[PDB]
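Engineer: Below is the structure I would like to discuss, written out as structure tokens.
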Amino acid sequence: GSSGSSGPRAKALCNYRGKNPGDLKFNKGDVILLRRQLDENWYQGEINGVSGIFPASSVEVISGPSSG
């Protein structure tokens, strides 16, 4: 219903800066900002001025909040 200036984020689990067909390269830990959520399987964001697509299994949506 309502949105918040603050958007979601994702954290890399392993080295994904390899060689992929039209994908996004990121290093374990790097936090990618979810710009466009195509589906619950992939995520389209941008990192260090680099736009690309990456899976949801390679990253974690735990970024942001922190449970005690």
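Ligands are numbered from 1 in the order shown, chains are lettered A, B, ... in the order of the structure tokens, and residues start at 1 in each chain.
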For segment 41-43 of chain A, find every residue with an atom within 6 Å (counting only C-alpha atoms), except residues of its own chain fewer than 4 positions away, and show them as an MDAnalysis selection string.
Structural biologist: chainID A and resid 37 53:56
Engineer: Write the residues of the preceding selection, restricted to N, CA, C and O atoms, as a CSV table (one decimal), in the first residue's frame.
Structural biologist:
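Listed below is the output, again10.csv:
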```csv
chain,number,residue,atom,x,y,z
A,37,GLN,N,13.0,-5.4,-9.2
A,37,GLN,CA,12.8,-6.8,-8.8
A,37,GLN,C,12.0,-7.6,-9.9
A,37,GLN,O,10.8,-7.6,-9.8
A,53,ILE,N,22.1,-8.1,-13.9
A,53,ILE,CA,21.2,-8.9,-13.2
A,53,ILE,C,21.9,-10.1,-12.5
A,53,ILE,O,22.9,-10.6,-12.9
A,54,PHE,N,21.3,-10.4,-11.3
A,54,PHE,CA,21.9,-11.5,-10.5
A,54,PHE,C,20.8,-12.3,-9.8
A,54,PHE,O,19.7,-11.8,-9.5
A,55,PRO,N,21.1,-13.6,-9.5
A,55,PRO,CA,20.1,-14.5,-8.9
A,55,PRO,C,19.9,-14.1,-7.4
A,55,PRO,O,20.6,-13.2,-6.8
A,56,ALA,N,18.9,-14.7,-6.8
A,56,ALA,CA,18.6,-14.5,-5.4
A,56,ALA,C,19.3,-15.5,-4.5
A,56,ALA,O,19.4,-15.3,-3.2
```
Engineer: Pull the strand (DSSP E) assignments for segment 5-60 of chain A out of DSSP run on the backbone, and list those residues as a PyMOL selection string.
Structural biologist: chain A and resi 9-12+31-36+42-47+50-55+59-60
Engineer: Using only C-alpha atoms, which residues sit within 12 Å of residue 32 of chain A once same-chain residues fewer than 6 positions away are excluded, as number ranges by chain?
Structural biologist: A: 7-13, 16, 24-26, 43-56, 58-64
Engineer: Deliver the residues from the most recent selection as a file, using N, CA, C and O atoms, as a compact mmCIF listing (two decimals), in the first residue's frame.
Structural biologist:
```txt
# COMPACT_ATOMS: atom_id res chain seq x y z
N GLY A 7 14.87 1.85 0.43
CA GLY A 7 14.60 0.64 -0.32
C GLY A 7 15.38 -0.56 0.20
O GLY A 7 16.29 -0.42 1.02
N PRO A 8 15.01 -1.76 -0.27
CA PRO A 8 15.66 -3.00 0.15
C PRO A 8 17.08 -3.12 -0.39
O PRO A 8 17.50 -2.33 -1.24
N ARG A 9 17.82 -4.10 0.11
CA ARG A 9 19.20 -4.32 -0.31
C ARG A 9 19.57 -5.80 -0.23
O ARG A 9 18.88 -6.58 0.42
N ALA A 10 20.65 -6.17 -0.90
CA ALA A 10 21.11 -7.55 -0.90
C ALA A 10 22.62 -7.63 -0.68
O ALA A 10 23.36 -6.72 -1.05
N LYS A 11 23.06 -8.73 -0.07
CA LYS A 11 24.48 -8.93 0.20
C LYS A 11 25.00 -10.17 -0.51
O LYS A 11 24.36 -11.22 -0.50
N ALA A 12 26.18 -10.05 -1.12
CA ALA A 12 26.79 -11.17 -1.83
C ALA A 12 27.29 -12.23 -0.86
O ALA A 12 27.80 -11.90 0.21
N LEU A 13 27.15 -13.49 -1.25
CA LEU A 13 27.60 -14.60 -0.41
C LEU A 13 28.96 -15.12 -0.87
O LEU A 13 29.79 -15.51 -0.05
N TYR A 16 30.86 -13.50 -7.34
CA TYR A 16 29.95 -13.56 -8.48
C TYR A 16 30.44 -12.65 -9.61
O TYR A 16 29.74 -12.45 -10.60
N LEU A 24 25.58 -9.29 -13.69
CA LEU A 24 26.25 -8.32 -12.83
C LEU A 24 27.39 -8.99 -12.06
O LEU A 24 27.22 -10.07 -11.50
N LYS A 25 28.54 -8.33 -12.03
CA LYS A 25 29.70 -8.85 -11.32
C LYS A 25 29.86 -8.18 -9.96
O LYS A 25 29.93 -6.95 -9.86
N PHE A 26 29.90 -8.99 -8.90
CA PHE A 26 30.04 -8.47 -7.55
C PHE A 26 30.93 -9.39 -6.71
O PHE A 26 30.97 -10.60 -6.93
N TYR A 43 17.27 -10.63 -9.47
CA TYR A 43 17.23 -9.25 -8.99
C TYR A 43 18.08 -8.34 -9.87
O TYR A 43 19.25 -8.62 -10.13
N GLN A 44 17.48 -7.25 -10.34
CA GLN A 44 18.18 -6.30 -11.19
C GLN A 44 18.56 -5.04 -10.41
O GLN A 44 17.70 -4.25 -10.03
N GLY A 45 19.86 -4.88 -10.17
CA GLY A 45 20.33 -3.72 -9.43
C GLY A 45 21.57 -3.10 -10.06
O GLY A 45 21.86 -3.34 -11.23
N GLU A 46 22.30 -2.32 -9.27
CA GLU A 46 23.51 -1.66 -9.75
C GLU A 46 24.52 -1.50 -8.63
O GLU A 46 24.17 -1.14 -7.50
N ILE A 47 25.79 -1.76 -8.93
CA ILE A 47 26.85 -1.64 -7.95
C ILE A 47 28.07 -0.93 -8.53
O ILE A 47 28.52 -1.25 -9.63
N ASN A 48 28.59 0.05 -7.79
CA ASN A 48 29.75 0.81 -8.24
C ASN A 48 29.57 1.28 -9.68
O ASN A 48 30.49 1.19 -10.49
N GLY A 49 28.38 1.78 -9.99
CA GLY A 49 28.10 2.25 -11.33
C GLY A 49 28.05 1.13 -12.35
O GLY A 49 28.35 1.33 -13.53
N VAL A 50 27.68 -0.06 -11.89
CA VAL A 50 27.59 -1.23 -12.76
C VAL A 50 26.21 -1.87 -12.69
O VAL A 50 25.85 -2.48 -11.68
N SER A 51 25.43 -1.72 -13.76
CA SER A 51 24.09 -2.28 -13.81
C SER A 51 24.11 -3.70 -14.38
O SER A 51 24.77 -3.96 -15.38
N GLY A 52 23.38 -4.60 -13.73
CA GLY A 52 23.33 -5.98 -14.19
C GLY A 52 22.29 -6.80 -13.45
O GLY A 52 21.64 -6.30 -12.53
N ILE A 53 22.13 -8.05 -13.85
CA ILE A 53 21.16 -8.94 -13.22
C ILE A 53 21.86 -10.07 -12.47
O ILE A 53 22.85 -10.62 -12.94
N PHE A 54 21.33 -10.41 -11.30
CA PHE A 54 21.90 -11.47 -10.48
C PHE A 54 20.80 -12.28 -9.79
O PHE A 54 19.71 -11.77 -9.51
N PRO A 55 21.08 -13.56 -9.52
CA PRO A 55 20.13 -14.46 -8.86
C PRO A 55 19.91 -14.09 -7.40
O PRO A 55 20.61 -13.24 -6.84
N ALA A 56 18.93 -14.74 -6.77
CA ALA A 56 18.61 -14.48 -5.37
C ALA A 56 19.32 -15.48 -4.46
O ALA A 56 19.40 -15.28 -3.25
N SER A 58 22.49 -16.36 -4.90
CA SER A 58 23.87 -15.91 -4.77
C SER A 58 23.99 -14.79 -3.74
O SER A 58 25.06 -14.55 -3.18
N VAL A 59 22.88 -14.10 -3.50
CA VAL A 59 22.85 -13.00 -2.54
C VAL A 59 21.78 -13.23 -1.48
O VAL A 59 20.94 -14.13 -1.61
N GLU A 60 21.80 -12.41 -0.43
CA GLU A 60 20.83 -12.52 0.65
C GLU A 60 20.11 -11.19 0.87
O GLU A 60 20.73 -10.13 0.88
N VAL A 61 18.79 -11.26 1.04
CA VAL A 61 17.99 -10.07 1.26
C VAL A 61 17.98 -9.68 2.74
O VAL A 61 17.17 -8.86 3.17
N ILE A 62 18.89 -10.26 3.51
CA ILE A 62 18.99 -9.97 4.93
C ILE A 62 19.56 -8.57 5.17
O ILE A 62 19.45 -8.03 6.27
N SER A 63 20.15 -8.00 4.13
CA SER A 63 20.73 -6.66 4.22
C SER A 63 19.71 -5.66 4.76
O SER A 63 18.54 -5.68 4.37
N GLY A 64 20.16 -4.80 5.66
CA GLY A 64 19.28 -3.80 6.24
C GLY A 64 19.03 -4.04 7.72
O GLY A 64 19.80 -3.61 8.58
```
Engineer: Could you check how far atom CA of residue 34 of chain A sits from atom CA of residue 6 of chain A, in Å to one decimal?
Structural biologist: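 Straight-line distance from atom CA of residue 34 of chain A to atom CA of residue 6 of chain A works out to 11.0 Å.
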Engineer: Go ahead and compute the interatomic distance for atom CA of residue 67 of chain A and atom CA of residue 27 of chain A, in Å to one decimal.
Structural biologist: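 Result for atom CA of residue 67 of chain A versus atom CA of residue 27 of chain A: 24.4 Å, one decimal.
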Engineer: Atom CA of residue 31 of chain A and atom CA of residue 18 of chain A, how far apart in Å?
Structural biologist: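 These two atoms are separated by 16.5 Å.
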